[PDB]
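J.: Shown below is the structure under consideration.
There are 2 protein chains.
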Amino acid sequence: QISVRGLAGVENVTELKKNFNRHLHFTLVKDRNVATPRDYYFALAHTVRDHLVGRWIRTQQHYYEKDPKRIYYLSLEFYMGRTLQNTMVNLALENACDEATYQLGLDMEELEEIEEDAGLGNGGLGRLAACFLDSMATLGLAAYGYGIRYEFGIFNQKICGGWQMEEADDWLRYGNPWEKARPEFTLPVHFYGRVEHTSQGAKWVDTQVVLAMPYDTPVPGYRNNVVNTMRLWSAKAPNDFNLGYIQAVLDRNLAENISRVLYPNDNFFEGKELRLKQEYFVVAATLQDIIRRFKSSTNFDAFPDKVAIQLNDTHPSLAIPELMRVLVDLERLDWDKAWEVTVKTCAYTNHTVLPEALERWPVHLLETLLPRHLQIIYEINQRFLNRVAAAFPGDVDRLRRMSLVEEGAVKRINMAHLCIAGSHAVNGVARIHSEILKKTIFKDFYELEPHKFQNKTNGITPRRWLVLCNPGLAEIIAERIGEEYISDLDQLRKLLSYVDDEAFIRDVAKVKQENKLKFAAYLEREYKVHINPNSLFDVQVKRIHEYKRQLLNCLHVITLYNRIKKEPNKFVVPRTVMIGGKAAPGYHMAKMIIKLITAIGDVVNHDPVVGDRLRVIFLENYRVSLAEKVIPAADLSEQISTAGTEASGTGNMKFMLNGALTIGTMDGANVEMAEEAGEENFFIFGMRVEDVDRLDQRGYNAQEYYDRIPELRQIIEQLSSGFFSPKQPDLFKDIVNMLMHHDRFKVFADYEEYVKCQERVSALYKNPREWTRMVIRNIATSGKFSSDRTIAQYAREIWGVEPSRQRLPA
Amino acid sequence: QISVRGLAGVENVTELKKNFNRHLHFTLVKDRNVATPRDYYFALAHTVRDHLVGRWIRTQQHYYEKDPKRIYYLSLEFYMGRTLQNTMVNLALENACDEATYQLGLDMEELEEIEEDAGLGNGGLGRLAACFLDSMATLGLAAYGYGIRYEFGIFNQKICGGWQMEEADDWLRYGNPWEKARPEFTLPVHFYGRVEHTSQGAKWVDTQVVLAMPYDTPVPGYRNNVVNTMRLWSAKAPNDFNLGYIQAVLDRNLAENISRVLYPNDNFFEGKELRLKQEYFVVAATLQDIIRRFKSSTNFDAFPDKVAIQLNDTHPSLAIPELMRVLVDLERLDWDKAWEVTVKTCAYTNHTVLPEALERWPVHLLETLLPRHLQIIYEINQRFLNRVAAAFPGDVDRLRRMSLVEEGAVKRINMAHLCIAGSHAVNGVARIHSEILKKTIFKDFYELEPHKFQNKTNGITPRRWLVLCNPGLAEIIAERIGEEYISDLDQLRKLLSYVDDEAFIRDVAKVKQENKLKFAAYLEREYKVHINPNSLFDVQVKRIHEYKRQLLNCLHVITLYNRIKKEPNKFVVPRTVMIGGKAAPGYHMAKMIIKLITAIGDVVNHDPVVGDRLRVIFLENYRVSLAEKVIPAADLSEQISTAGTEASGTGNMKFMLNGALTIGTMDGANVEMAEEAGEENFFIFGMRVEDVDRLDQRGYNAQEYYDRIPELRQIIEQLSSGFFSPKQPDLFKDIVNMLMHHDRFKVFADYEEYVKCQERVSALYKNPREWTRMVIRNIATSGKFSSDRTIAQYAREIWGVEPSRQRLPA
Ligand SMILES: CCCC#Cc1cn([C@@H]2O[C@H](CO)[C@@H](O)[C@H](O)[C@H]2O)c(=O)[nH]c1=O
Ligand SMILES: CCCC#Cc1cn([C@@H]2O[C@H](CO)[C@@H](O)[C@H](O)[C@H]2O)c(=O)[nH]c1=O
C-alpha cells in the first residue's frame, strides 16, 4: 500500500500465511470456525514474534563474544503501549503482514486494536524510558531495561456523571505473547532482619526472603537486526514460606504483593512502605544480575569500564548503598575503593523541581526495612559532609542544607542528595531545567562539584511517534527526501526548501484533514460523540496536575463561550477543544478539575446558540495508544505550565513532529522548540521564569486580576453561582477558593496574555495556506527532538560508549 | 527397543527431531549451548503436545455433529501425576521419541523425571477420577472431567528428624505445557446476598461475584485417536472489585483464594467456609457450562437424555439444589418438572462409611453463603419426608433419621442424604462396601428406594499401571498373547496356560528382579539409603490413617526384630519393609505414626546383629510418580485395614497387576481379588466384618490381648519405656494409650493371626519357583480390575450410553 511500510514479496507473504495458520491451530488450539478476532490477533502476534527470536538470540550472543560496556537503565516505569505494530515497523514486516492478513480475509488494523497497552507507567517519565529503549536498540548499544512486572498497570479511567472512576487494569488477563518467563534466573531479595558486627565485618541476618523472578521482553532496533532485552521482575514467595497449613499457603500473597500494582502518583511523593519495598526489590535483584553477568567475562577496578547504571530519577536510588553493601560486605573490598567504583558506575537524571514530588524517606522506615542500607547511608553522609566542611570551612548552614539527612518533625533521607553524592554525573532534561537545578535546589552541590552537572534535553522516538501513528505524513515526507530521516531526524531540515512548494503545502494539509476525519469517526463509533471536522482541533492531553494548568485552558473555553453569547451573530473560528488525562486517585483538586471540564461540556455542547462553533470534549482513558490517534489529528498543541515547573515535557515534541502548531509558555523544552523553529513560528505567551520570581517576592495577589479584568470576574461569578452546576450551586467552591487565595501556579497572572495569544491563533487559522507553511516550518525543525540524539549524547558524555548505525547480519 | 512402545519409522523420527529443535528455538528461546535438561524436557513436551491438538479439535468437532449424550464427571480432586509418558503411550509415540531424542544425544528417561506431578488430589478418590478419565476416553465416551485448577496441590512431604514437614507444592512454577487457558469462557459465580420474593418468584440479589476462568487439558484415549477434555476452573476477581485504590487492588486476592490450595484431608471432614466456597464454585461454573452446551443443540425434558452428571462423593452435592435453582428460578419451570429432570440427570458414588469423613454442613454457613440453596434444600427435605411418611405411616423415628436436616447442638445438612434423594442411582465402590451401605448407614433409604442402589467395583487403568510403569512385564506378556490385552484386560486369563512353562516362570522372576535393582538404585542415588535387593520387598504405601493400620505393620516389624535378637544365629528370610504416605497436617496421631516408623528404622537399621536381614525404610513424598516406581518393584502388598473400613482400595489392584503377592484382610476389593485369584493364591488373615460386629457388641478390651500374648507385651513395654526414643522416654505415650484404651480399629485383635500369616509368606518366599507361580496366578486373574470394566458398567447401568472401541479417523 504505502512505500515506508517495507516490501510485500510473494515469498514472505506465503510464508507469513502458513505460520499464521500454524499458530492458530497449534498454539491457540482453534480452527477457522470458532476463532474470534482476538484469536486472530494472537496468531498474528505469535507469527510476528517468531521473526524476532533468531535476531534476539544472535544479539545476546554477539554481546557475549564482543564483550562491550553494558548500559543498565533502572526505572520503576516503562510505559510501552502496544508492541505489535512497533515490532512490524522495526522489522520491515508491515506491508507483508497487511498483505498476508488481507489474503486470509482479515483486516490487520482491526486486529491491532485488540492488543492491550502495557501501561506500566504514569506519564512522561515512564514514556521517556520506553523511547530511550527503542533508541538504544536503534543505535546498537548493549543496553538492558530493568523494572518491575506489574500485574496491574495505571488504572483504566471511566467517567460516570462527569466524575473519574478507577478500574483495575488487568492487562495480562488474556496472556502477553511478547514476554518470555525465565524462572531459571530467580534471585533472592532480603528485607527486615538486623545487623551483626563480627571480626570479619558487618553481616545482615534474620531477613525475610522474597524471590524475584525475571521476564524478558524483546526490544527491536530500527531495521538493524539488533534486539535488546527489557527484564522485569515479578515477586514470588519461597516454598518453606510461613511453613493453619491453609493460611500459611494463602499468606504467600503478602510476599507477592510487591509486584502487584503500579503506584498511580505522578509528580507527587507518597511515603508508603509497599512503595519502598518495590524500589528495593528492583534494585536488589538487578544488581545481582549485573554482578553475575560481569563475573562471566574478582577485580572490580574494571567494573566501571564494563558497566554503566543510569538512575531514572531517585526511584532506584537504593542502587547506591546496595552496590556499596555488596562490594564491601560480600566482596570485602575496602570502603574507599568500593566508593570510587560506585560513583564511576552510577549516574542520576532528575525529572522535576516540584517540592512535593521529591523523595524523602522517614528514617524509621529504612531502619526497620533496610537496617544495613541505613548504616551505609549514614557513613556516606558523614564522609560527604567532611568534604564539604573541608572545601567551605566554617559554613555551618551549608552542612545542614547539603546533608543527606534532614532534621525536624521526623528525620528523613533526601534521596536526591544521595544520588548527587554517589554519581559521577547528574543531568536535567532540558536546558532551562538544567540551569534551574544549578541555580536553585542543587546550587550548593554544583559549587562543590560543577563538573558533575549536565543537560540532556529529552526527545521522542520518530518510529512510534511518526511512522507508526502517522504513516500518511511519513509517506509524503519520504516522497521528497527519502527514508533515511527515520533514524536521522535532523534530515527533516531539507523540508525547508519545500515551504513555498504548492503541491507539498496541499499534501501536508490533506494528511492533516485525513487524520481529523479518522479521529472524528473514532469519536462517534467508540464513544457516541458528535464533532465538526472542519474545526480547529485544540488539544491538551497529559496527566491532570495544577502545575499543567488545565484550569487556564478552562478559563479560555468559558471566555469563548461568553463572547459567543454576548454577540451570537458574529463570526468566530470554530473549535473542538479536547482535554484528556488521568488524575491520581487521592488528588482531590485534579478530580475537581476533571468534573469542571465535563460540567463546561454539558452547558456548551447543548447550547443551540453555539451550534457547532464550540465543542468541549473530555477524552476518556488517555494512554499511549490513545495518544497515537489524537496527536496526528491535532491542530493546536496546549503546553501551558507556569514557567519553571514543566521540567521538559515530551507530548510537546509529539505534536510538533506531527503538524500541530504550539501555544505555550517559555517552559521546559518549549524554549528549545521555539528556538529551533524561530519564535515567529510559535505562539509564545505569558510570564517567563524571571517574572514568576518577581511576582513571588512581591506577593501574588489574585484579587488584583479579578478587580481589573471584567471577563475574568464574570467567569468567577459564574463558577461561584452555580451556572455550571445548577443542582449543586456550590459544587466548585474549592476551585474558586484555590484560584482566589492559594494558587501556587498563578493562573490569573497569565490569563490576559493567553486569551490574546489565542486570538492570534484563530487569525492564522483563517488563512489555511499560511497556517500550513508555519506547520511545515515546525515539522522541518523538529529533528533535535529525536530520542536518538538524546541517547547519543548520553552515550558519548555520560556512559563513555560510542553509538553504531551498523546492521548485524541476518 | 521394546515392541509394545510403537514403531520408530524413519519419517516419524526425522519429523520429531525437527519439531524438537523448532520448539527449543522458537518456544523456549534457547539454543543448544545454553539449554539445561529442563529446557529439553519442555521442547519434548511441546513437540508431543503438537500431536494431540489435531486429534483434540476433531474429537470436539465429532461430538458437535454426532450430538451424543455427554457425561460430566464432577470431582474436587484429579490426581493426574505426569502427562508426558502417558501421552506418548496413548499415541504410540514412545519408541519414536526415544529414538528421536537418542539421536539428539539425549536420554528421554532423564527428561521424563523433570516433569512435575499434577498432584491435584489426596489419594484414592482423586486417583480414581484420573483412571476414570483415561478409561472414558479409551472407550470413546463423550465425557468431560470438571474440577478446580489448584495453584497448590497436595503438599510436598519432607522428613526432618523423623517428623513430617510440609512444603508448598508449587507445581506451576515453570509453566504447564499441557493446559490451554480459555479466558473467553469466563463465567460469573455468586455468593452471599439475600433472597427477594416477587410476583414472578424468588430472586437472589446483592451477591458478590467471583469469576471462574476455565483451563482445558487434553485426555487422550488408548490408540483410538479420541482426545477428551478435563476442564478446571480458576478463580479471578471482577474488575470493578472493591472499586485506598492500592488496597482495593490488593484485596482482589480474597476472591482468588478460592482456587489457591487443595485441602489436604483424606477421609476426614473439615467444615471450613473456604472449602464450601470451593465446592460451590466448581458446581456453579460447571452447570452453566453444561446448560450452555446443551442449548447449542428451551425444552428441558430431553435434558436427561443429553446429559449425565456423576457426583464424585458429596463434594459437588450442591449440583442438586443448583440445578433446581437454575431450572426453577431462571428458566421458570415448575418445581415438579425440574425435580424429575434433576433426579434423572444426577447420580451419586459413595466412597466411605467412616463417620468422621461424611459431610455435614452447619446451617449457619449455608445461610450466609448460599441463602437460596438453603431454601431449596428445606423444600427438598419437606417433600421427601412426605414420601417417607406416606410409605411408612407413623414411623416417626424414620423421619428424624432420614431427614436431610440433622437436629442437635448446631443444625447441619447431611449432604449424603441430599445426594440419595436427588439422584436416580447411588453406588458403592466394591461389593462388600455396597452391601454395608444397604445394611447400615443407608438402610432406611434402601427400603424406600431399592432400585437406586448399585455396586460398581473400582478399577485402575492398565495403561499407566502396567504399560507405563512396568514395560518389562508388559513386553513378556505381549510375547505370549499379543497386545490386545491392554484395552481388554480380561485377556490376561490366557496367562493361566503358562503357569507350568519354565521360560515364562523365569521371565516373570527376571522382570521382578530388574525392577528391584532399578528401585534400589533409585533409593541410593536420590536418598543416600542402602538396601539389599535379594530381600523380600514388603511394602505398604497409601495415606496415613488409623483405619489403614500402619500400626499393625509396625508391630510385625518390631516382632521380627525381637525374634532376631532372641536367636541371632537362626536363619530368617530377609526383608526390606517400606512404608510410605502422607499425613494430613492437623492429624496428630498420623504424625506420631510417621515418627514411630522412622524411630523403628533408627534402631533396626543400625543394629549389627541384624546385618542386612531386616530393613525399615520410610518412603518420603509418596505421590503418583513415586507409586509408578515402587509398585513394580514390590513382592508383598500390605492391605491390612480393619474389615469394614476400606471402601474398596485401589493400590491393592496396582500391586496385583504388577506381580506382588497380597497379604490382606477381607476388606474392600480384597474380597473380590481373592475370589478372582482363588483364596489359595492370597494371604488372607484376621477378622471378617461379622467378627468385628461381635467384638463391638461385647466390648473391645485391648488389655485381654496384652495379658495373653507375651510377644505383644514386650513390644508395648519397649514402646512405653523409651527403647525406640532414648532421649524422650515418654515420646510415644499417646500411641500406647490409644492402643490400650481407645483403639477404634482393633489393632491387637488381628495381631496374632497377622504374625502367623506373615510366616506363611516368608515360607513361600523360600521357594522362588512356587512364589512365582502364585504371582502368575494373580496377574493372570487381575482382569476384573481394569477401570475399563468399571466404566463400561457405569456407561450401561447408570448413564444409559454404549461404549465404543472404534478408532476415529486420523
Ligand atoms: C522522584 C522523581 C519525581 C519527579 C518526577 C516526575 C517527572 N515526570 C516528567 O518527566 C518527563 C520526562 O523527563 C518530563 O518531560 C516532564 O517535564 C516531567 O514532569 C513525570 O511524568 N512524573 C514524575 O513523577
Ligand atoms: C465426603 C466423602 C468422603 C469419603 C472419602 C474418601 C474416600 N477415599 C477412597 O476412595 C477410593 C476410591 O473409591 C477407595 O478405593 C478407598 O477405599 C476410599 O478410602 C479417599 O481416598 N479419600 C476420601 O476422602
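So the protein sequences, as listed, match chains A and A'. A prime marks a further copy of an entry chain.
Reading the first sequence from the start, the letters are residues 12 to 254, 261 to 314, 324 to 836 in the entry's author numbering.
Reading the second sequence from the start, the letters are residues 12 to 254, 261 to 314, 324 to 836 in the entry's author numbering.
Ideal Cβ placement from N, Cα and C applies to all residues, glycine included.
1) Does the Cβ-Cβ distance between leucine 515 of chain A and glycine 809 of chain A come in under 8 Å?
2) Taking 7 Å as the line, does the beta carbon of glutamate 664 of chain A fall inside it for any heavy atom of ligand 1?
3) Residues in its own chain within less than 7 Å of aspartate 533 of chain A' by CB, not counting five upstream and five downstream?
4) Under the DSSP definition of a beta bridge, which residues are partnered with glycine 454 of chain A'?
5) Can you confirm whether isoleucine 68 of chain A', when its beta carbon is compared against all beta carbons of chain A, has any partner nearer than 8 Å?
6) Can you say whether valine 216 of chain A is buried or exposed, counting buried as having 16 or more other CB atoms within 10 angstroms of its CB?
7) Counting contacts by CB-CB distance shorter than 8 Å, is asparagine 684 of chain A' in contact with chain A?
8) Beta-carbon separation of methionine 91 of chain A' and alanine 56 of chain A' under 8 Å?
9) Identify the contact partners of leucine 139 of chain A' in chain A, using a Cβ-Cβ distance below 9 Å as the criterion.
10) Round the Cβ separation of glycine 607 of chain A' and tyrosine 573 of chain A' to the nearest angstrom and send it over; I've been treating them as touching at under 8 Å.
11) At a Cβ threshold of 8 Å, is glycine 172 of chain A' touching chain A?
12) Using C-beta distances below 6 Å, list every residue in its chain close to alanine 535 of chain A', excluding the 5 sequence neighbours before and after it, in chain order.
13) If you reduce the DSSP assignment to three classes, tell me which class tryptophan 189 of chain A lands in.
14) Is the CB-CB distance between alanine 383 of chain A and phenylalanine 286 of chain A below 8 Å?
15) Confirm the yes/no value for this check: CB of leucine 444 of chain A', any heavy atom of ligand 2, distance under 7 Å.
16) Could you check whether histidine 62 of chain A' and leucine 102 of chain A' sit closer than 8 Å to each other, using their CB atoms as the reference points?
17) Kindly give me the distance between the Cβ atoms of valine 369 of chain A' and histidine 450 of chain A', rounded to whole angstroms, as I take these residues to be in contact under 8 Å.
18) DSSP has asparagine 239 of chain A in a bridge; who is on the other side?
19) If we define contact as Cβ-Cβ less than 8 Å, is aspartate 61 of chain A' a contact residue for chain A?
20) Measure the Cβ-Cβ separation of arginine 277 of chain A' and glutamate 162 of chain A' and say whether it is below 8 Å.
21) Could you tell me whether the Cβ of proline 835 of chain A comes closer than 8 Å to any Cβ of chain A'?
22) Whole angstroms are fine: how far does the CA of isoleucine 570 of chain A sit from the CA of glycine 173 of chain A?
23) What would DSSP say about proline 249 of chain A', mapped onto helix, strand or coil?
24) Would you kindly report the start and end of the unbroken alpha helix (DSSP H) that includes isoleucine 590 of chain A?
25) With DSSP run on the structure shown, which of helix, strand or coil describes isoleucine 623 of chain A'?
26) For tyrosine 587 of chain A, decide whether its Cβ has a neighbour in chain A', counting only Cβ atoms nearer than 8 Å.
27) Output the distance between the C-alpha atoms of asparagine 804 of chain A' and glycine 712 of chain A', rounded to the nearest integer angstrom.
28) Using a Cβ-based criterion (distance less than 7 Å to any ligand heavy atom), does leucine 85 of chain A qualify as near ligand 1?
29) Measuring CB to CB, does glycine 694 of chain A' end up less than 8 Å from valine 567 of chain A'?
30) Taking any Cβ of chain A, which residues in the region 176 to 209 of chain A' have a Cβ under 8 Å from it, in chain order?
31) Given that a residue counts as buried once 16 or more other Cβ atoms are within 10 Å of its Cβ, and exposed if not, what is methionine 604 of chain A?
32) Does the Cβ of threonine 209 of chain A' have 16 or more other Cβ atoms within 10 Å, making it buried, or fewer, making it exposed?
33) So, is the C-beta of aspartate 42 of chain A closer than 8 Å to a C-beta in chain A'?
34) From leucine 518 of chain A' to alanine 500 of chain A', what does the alpha carbon distance come to, in whole angstroms?
35) Output the boundary residues of the alpha helix (DSSP H) element that contains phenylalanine 471 of chain A.
36) Answer yes or no: does any C-beta atom of chain A' fall closer than 8 Å to that of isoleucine 263 of chain A?
T.: Per the coordinate set shown:
1) yes
2) no
3) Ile502
4) A':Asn481
5) yes
6) exposed
7) no
8) no
9) Those do not exist, as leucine 139 of chain A' stays about 24 Å from chain A at its closest Cβ, beyond 9 Å.
10) Wrong, their Cβ atoms sit about 13 Å apart, outside the cutoff.
11) no
12) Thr798
13) coil
14) yes
15) no
16) yes
17) 5 Å
18) A:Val230
19) yes
20) yes
21) no
22) 15 Å
23) coil
24) 576 to 592
25) helix
26) no
27) 21 Å
28) no
29) no
30) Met176, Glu177, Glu178, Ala179, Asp181, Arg184, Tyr185, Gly186, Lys191, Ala192, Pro194 and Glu195
31) buried
32) exposed
33) yes
34) 11 Å
35) 469 to 474
36) yes
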